[PDB]
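Shown next, in structure tokens, is the structure this report addresses.
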Amino acid sequence: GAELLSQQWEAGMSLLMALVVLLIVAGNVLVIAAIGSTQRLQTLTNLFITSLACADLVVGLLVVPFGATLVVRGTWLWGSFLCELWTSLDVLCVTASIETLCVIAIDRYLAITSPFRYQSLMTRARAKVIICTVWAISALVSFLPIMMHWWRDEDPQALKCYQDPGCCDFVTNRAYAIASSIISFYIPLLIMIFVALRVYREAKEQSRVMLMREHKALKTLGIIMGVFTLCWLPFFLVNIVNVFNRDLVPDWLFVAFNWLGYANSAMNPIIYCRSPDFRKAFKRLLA
Ligand SMILES: CC(C)CCC[C@@H](C)[C@H]1CC[C@H]2[C@@H]3CC=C4C[C@@H](OC(=O)CCC(=O)O)CC[C@]4(C)[C@H]3CC[C@]12C
Ligand SMILES: CC(C)CCC[C@@H](C)[C@H]1CC[C@H]2[C@@H]3CC=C4C[C@@H](OC(=O)CCC(=O)O)CC[C@]4(C)[C@H]3CC[C@]12C
Ligand SMILES: c1cc(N2CCNCC2)c2cc[nH]c2c1
Ligand code: NA
């Protein structure tokens, strides 16, 4: 009964998790292979898209598999070091993602308001430095506090979990909860929204065919930004609400919002099918 039920559950979740992993990895490798093999998709903006696809790829190859083994098997099987490395990679990927989205918004703002200054200022070498900087800053605010144990609580519940090698709950003190949320998420969220609204306004104040084609690409970028926020904002809101009251949102919806967050990593490849050029590159590559 209990043994038959767990065998049905384990088998069915293991399949669902495989499918998620496959969709994230196939979809983002396509985005990277498309850009890497299509001279027409090799715009500076798409270098940032590639960076974003790497963040999602790392979620597919490392973050989600590990998290699946946890959801499926009902414990952490890989020891305390890997538990921390895994959390680190989790925080890294969300941080790098939202920071990259921020850079993309800024890139477009400059492109739209000062096309000429942009032309000369913005080159491939600089696009690469920009990308490395975002990963540097993300690595900095992700790994270091986590390997320093700045996130740990002394709660009775927190201390239980820390000793137990089967527990890889990211149970953190309130300071870290607020600090890391603000630094990894909310600040770059606010920047991205502010700059995105400015790019909207500038698009509205803006031959005719070329403008509708540009605008369609902008709206694509708008969509990946909006979906990212929808996918992660709930998690991070619940993260703050927990600091003030552990009992206002049930654990299950906190775990739900966590997976909704991971689910975002499978979405961009699909959204990029709004572009003829991406669509054609995807069809050619799947051969
Ligand atoms: C285990 C964790 C820490 C993974 C860390 C991975 C990063 C080091 C990856 C993520 C995004 C990658 C970047 C994504 C995009 C580019 C653009 C790329 O420009 C190109 O020359 C190729 C495209 C072209 O110009 O045709 C140079 C590599 C670079 C900076 C990559 C360098 C390595 C990065 C930062
Ligand atoms: C590094 C740059 C980009 C960010 C600059 C923002 C900081 C100057 C400020 C803005 C809000 C401040 C935070 C506001 C609230 C908190 C929660 C605060 O309260 C507690 O956690 C004590 C509660 C408890 O331990 O029970 C800990 C400091 C912290 C993170 C503050 C740290 C300093 C912050 C991040
Ligand atoms: C970035 C990503 C975070 N995560 C998002 C996905 N689940 C793991 C944790 C947290 C959690 C607390 N602070 C965070 C900062
Ligand atoms: Na533990």
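Simple scheme: letters A, B, ... for chains in structure tokens order, numbers from 1 for residues in each chain, numbers from 1 for ligands in the order shown.
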For residue 266 in chain A, work out the shell of residues within 7 Å, counting only C-alpha atoms and skipping chain neighbours fewer than 2 positions away, then give it as a PDB file with C-alpha atoms, in the first residue's frame.
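Printed below is out.pdb as written:
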ATOM      1  CA  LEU A  23      12.887  20.589 -22.278  1.00  0.00           C
ATOM      2  CA  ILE A  24      15.253  23.002 -20.494  1.00  0.00           C
ATOM      3  CA  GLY A  27      15.484  24.251 -25.719  1.00  0.00           C
ATOM      4  CA  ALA A 263      10.182  26.214 -14.811  1.00  0.00           C
ATOM      5  CA  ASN A 264      11.145  29.608 -16.239  1.00  0.00           C
ATOM      6  CA  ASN A 268      12.596  31.429 -23.321  1.00  0.00           C
ATOM      7  CA  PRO A 269      13.369  29.009 -26.144  1.00  0.00           C
TER       8      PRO A 269
END
ask   = Once you count only C-alpha atoms and all ligand atoms, which residues end up within 10 Å of ligand 1, and could you hand them over as a ChimeraX atom specification?
value = /A:32-33,35-39,41-44,46-59,61-62,85-86,88-90,92-93,96-97,100,124-136,138-139,143
Wanna dump the chain A-ligand 4 contacts at 7 Å for me, each residue with its shortest atom pair and the distance in Å to one decimal, counting only C-alpha atoms and all ligand atoms, ordered by chain and number, as a Markdown table?
| residue | atom | partner | partner_atom_place_in_ligand_line | distance |
| --- | --- | --- | --- | --- |
| A:80 | CA | ligand 4 | 1 (Na) | 6.1 |
| A:161 | CA | ligand 4 | 1 (Na) | 4.8 |
| A:162 | CA | ligand 4 | 1 (Na) | 3.8 |
| A:163 | CA | ligand 4 | 1 (Na) | 5.2 |
| A:164 | CA | ligand 4 | 1 (Na) | 4.6 |
| A:165 | CA | ligand 4 | 1 (Na) | 4.4 |
| A:166 | CA | ligand 4 | 1 (Na) | 6.0 |
| A:167 | CA | ligand 4 | 1 (Na) | 4.2 |
| A:168 | CA | ligand 4 | 1 (Na) | 5.0 |
inquiry  = With only C-alpha atoms as the counted atoms, please give the residues lying no more than 12 Å from range 201-214 of chain A, apart from itself and same-chain residues fewer than 2 positions off, as an NGL selection string.
reply    = :A and (108-114 or 194-199 or 216-221 or 274-277)
Could you take the residues named above and write them with C-alpha atoms, as an mmCIF file, in the first residue's frame?
data_model
loop_
_atom_site.group_PDB
_atom_site.id
_atom_site.type_symbol
_atom_site.label_atom_id
_atom_site.label_comp_id
_atom_site.auth_asym_id
_atom_site.auth_seq_id
_atom_site.Cartn_x
_atom_site.Cartn_y
_atom_site.Cartn_z
ATOM 1 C CA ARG A 108 17.912 48.489 -25.821
ATOM 2 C CA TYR A 109 17.373 51.800 -24.080
ATOM 3 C CA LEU A 110 20.714 53.067 -25.409
ATOM 4 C CA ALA A 111 20.059 51.540 -28.817
ATOM 5 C CA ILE A 112 16.672 53.291 -29.054
ATOM 6 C CA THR A 113 17.537 56.723 -27.644
ATOM 7 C CA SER A 114 21.005 57.146 -29.098
ATOM 8 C CA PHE A 194 12.201 51.199 -14.637
ATOM 9 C CA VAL A 195 14.396 50.888 -17.752
ATOM 10 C CA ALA A 196 11.824 48.696 -19.546
ATOM 11 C CA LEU A 197 9.088 51.317 -19.030
ATOM 12 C CA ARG A 198 11.465 53.960 -20.411
ATOM 13 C CA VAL A 199 12.093 51.792 -23.492
ATOM 14 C CA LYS A 216 8.162 42.993 -32.480
ATOM 15 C CA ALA A 217 11.661 42.060 -31.256
ATOM 16 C CA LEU A 218 11.353 44.553 -28.375
ATOM 17 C CA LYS A 219 8.020 43.020 -27.405
ATOM 18 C CA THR A 220 9.715 39.589 -27.428
ATOM 19 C CA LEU A 221 12.277 40.876 -24.946
ATOM 20 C CA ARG A 274 8.033 34.464 -32.076
ATOM 21 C CA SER A 275 11.006 35.314 -34.289
ATOM 22 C CA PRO A 276 11.075 33.998 -37.899
ATOM 23 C CA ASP A 277 14.894 33.904 -37.764
#
May I have a table of the residues of chain A lying at most 8 Å from ligand 3, giving each one's closest pair of atoms and their distance in Å to one decimal, counting only C-alpha atoms and all ligand atoms, ordered by chain and ascending residue number, as CSV?
residue,atom,partner,partner_atom_place_in_ligand_line,distance
A:87,CA,ligand 3,8 (C),6.1
A:90,CA,ligand 3,8 (C),5.6
A:91,CA,ligand 3,2 (C),3.9
A:92,CA,ligand 3,1 (C),7.2
A:93,CA,ligand 3,2 (C),7.9
A:94,CA,ligand 3,2 (C),5.8
A:95,CA,ligand 3,1 (C),6.4
A:142,CA,ligand 3,1 (C),7.7
A:170,CA,ligand 3,9 (C),6.8
A:172,CA,ligand 3,12 (C),7.4
A:176,CA,ligand 3,13 (N),7.2
A:177,CA,ligand 3,13 (N),5.4
A:178,CA,ligand 3,13 (N),7.7
A:180,CA,ligand 3,13 (N),5.2
A:181,CA,ligand 3,15 (C),5.1
A:184,CA,ligand 3,1 (C),5.7
A:185,CA,ligand 3,1 (C),6.7
A:232,CA,ligand 3,5 (C),7.9
A:235,CA,ligand 3,5 (C),7.2
A:236,CA,ligand 3,10 (C),7.5
A:239,CA,ligand 3,12 (C),6.9
A:258,CA,ligand 3,7 (N),5.4
A:259,CA,ligand 3,6 (C),7.9
A:261,CA,ligand 3,6 (C),6.7
A:262,CA,ligand 3,6 (C),7.3
How would the residues just picked look written out with N, CA and C atoms as an mmCIF file, in the first residue's frame?
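After the write, selection_19.cif holds the following:
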data_model
loop_
_atom_site.group_PDB
_atom_site.id
_atom_site.type_symbol
_atom_site.label_atom_id
_atom_site.label_comp_id
_atom_site.auth_asym_id
_atom_site.auth_seq_id
_atom_site.Cartn_x
_atom_site.Cartn_y
_atom_site.Cartn_z
ATOM 1 N N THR A 87 23.019 24.775 -3.760
ATOM 2 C CA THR A 87 22.318 25.990 -3.372
ATOM 3 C C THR A 87 22.985 27.188 -3.998
ATOM 4 N N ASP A 90 22.194 27.535 -7.524
ATOM 5 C CA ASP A 90 20.819 27.981 -7.605
ATOM 6 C C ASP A 90 20.743 29.513 -7.495
ATOM 7 N N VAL A 91 21.339 30.048 -6.435
ATOM 8 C CA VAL A 91 21.357 31.486 -6.246
ATOM 9 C C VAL A 91 22.115 32.165 -7.421
ATOM 10 N N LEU A 92 23.217 31.568 -7.868
ATOM 11 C CA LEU A 92 23.985 32.154 -8.954
ATOM 12 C C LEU A 92 23.114 32.369 -10.184
ATOM 13 N N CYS A 93 22.340 31.350 -10.535
ATOM 14 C CA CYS A 93 21.622 31.352 -11.803
ATOM 15 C C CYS A 93 20.492 32.353 -11.836
ATOM 16 N N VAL A 94 19.771 32.500 -10.734
ATOM 17 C CA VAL A 94 18.710 33.507 -10.670
ATOM 18 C C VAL A 94 19.320 34.900 -10.748
ATOM 19 N N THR A 95 20.412 35.105 -10.009
ATOM 20 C CA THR A 95 21.118 36.389 -9.959
ATOM 21 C C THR A 95 21.639 36.754 -11.351
ATOM 22 N N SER A 142 26.700 35.332 -4.566
ATOM 23 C CA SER A 142 26.097 34.006 -4.426
ATOM 24 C C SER A 142 26.938 33.053 -3.611
ATOM 25 N N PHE A 170 17.223 24.962 2.349
ATOM 26 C CA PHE A 170 17.902 26.231 2.459
ATOM 27 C C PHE A 170 17.141 27.062 3.490
ATOM 28 N N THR A 172 17.353 29.741 6.199
ATOM 29 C CA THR A 172 18.300 30.825 6.396
ATOM 30 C C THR A 172 17.832 31.754 7.500
ATOM 31 N N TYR A 176 19.906 37.332 6.117
ATOM 32 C CA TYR A 176 20.324 36.836 4.826
ATOM 33 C C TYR A 176 19.124 36.768 3.857
ATOM 34 N N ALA A 177 17.975 36.368 4.384
ATOM 35 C CA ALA A 177 16.761 36.278 3.588
ATOM 36 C C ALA A 177 16.463 37.630 2.935
ATOM 37 N N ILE A 178 16.505 38.693 3.732
ATOM 38 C CA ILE A 178 16.182 40.015 3.223
ATOM 39 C C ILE A 178 17.331 40.514 2.344
ATOM 40 N N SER A 180 19.932 39.013 0.748
ATOM 41 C CA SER A 180 20.221 38.316 -0.498
ATOM 42 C C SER A 180 19.093 38.483 -1.497
ATOM 43 N N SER A 181 17.867 38.631 -0.996
ATOM 44 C CA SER A 181 16.712 38.827 -1.858
ATOM 45 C C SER A 181 16.810 40.184 -2.509
ATOM 46 N N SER A 184 20.232 40.057 -4.750
ATOM 47 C CA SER A 184 20.128 39.168 -5.913
ATOM 48 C C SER A 184 18.940 39.467 -6.808
ATOM 49 N N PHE A 185 17.824 39.903 -6.231
ATOM 50 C CA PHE A 185 16.586 39.973 -6.986
ATOM 51 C C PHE A 185 15.929 41.360 -7.061
ATOM 52 N N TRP A 232 9.310 34.258 -10.885
ATOM 53 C CA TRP A 232 10.126 34.411 -9.668
ATOM 54 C C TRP A 232 9.627 35.352 -8.602
ATOM 55 N N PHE A 235 7.879 33.511 -5.516
ATOM 56 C CA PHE A 235 8.879 32.950 -4.611
ATOM 57 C C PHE A 235 9.485 34.001 -3.687
ATOM 58 N N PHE A 236 9.978 35.078 -4.273
ATOM 59 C CA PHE A 236 10.697 36.080 -3.507
ATOM 60 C C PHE A 236 9.785 36.913 -2.611
ATOM 61 N N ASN A 239 9.300 34.685 0.271
ATOM 62 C CA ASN A 239 10.554 34.675 1.007
ATOM 63 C C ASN A 239 10.640 35.791 2.055
ATOM 64 N N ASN A 258 8.901 27.774 -5.901
ATOM 65 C CA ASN A 258 10.289 27.477 -6.167
ATOM 66 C C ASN A 258 10.408 26.785 -7.526
ATOM 67 N N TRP A 259 9.525 25.822 -7.781
ATOM 68 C CA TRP A 259 9.552 25.078 -9.039
ATOM 69 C C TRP A 259 9.057 25.893 -10.185
ATOM 70 N N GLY A 261 9.693 28.887 -10.450
ATOM 71 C CA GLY A 261 10.947 29.568 -10.757
ATOM 72 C C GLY A 261 11.831 28.734 -11.662
ATOM 73 N N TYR A 262 12.101 27.491 -11.296
ATOM 74 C CA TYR A 262 12.910 26.631 -12.156
ATOM 75 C C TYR A 262 12.266 26.477 -13.548
#
Residue nearest ligand 2 - candidates A:285, A:256, A:238, A:191, atoms counted: only C-alpha atoms and all ligand atoms = A:191
query = Out of range 103-226 of chain A, which residues get alpha helix (DSSP H) from DSSP, as an NGL selection string?
reply = :A and (103-113 or 115-121 or 124-147 or 156-163 or 174-181 or 187-205 or 208-226)
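With distances taken over only C-alpha atoms and all ligand atoms, A:174 is the one residue among A:174, A:284, A:215, A:279 lying closest to ligand 2.
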request  = Write out as a PyMOL selection string each polymer residue whose atoms come within 12 Å of residue 260 in chain A, counting only C-alpha atoms; drop sequence neighbours fewer than 4 positions from it.
outcome  = chain A and resi 20+64+227-236+253-256+264-267
query = Counting only C-alpha atoms, what is within 8 Å of residue 282 in chain A, bar same-chain residues fewer than 3 positions away, as a list in words?
reply = residues 30, 31, 34, 278, 279, 285 and 286 of chain A
request  = Provide the CA of residue 225 in chain A to CA of residue 28 in chain A distance in Å, to one decimal place.
outcome  = 16.5 Å
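Non-sequential neighbours of residue 74 in chain A (distance at most 10 Å, separation of 3 or more positions within a chain, only C-alpha atoms) are residues 10, 68, 69, 70, 71, 77, 166 and 167 of chain A.
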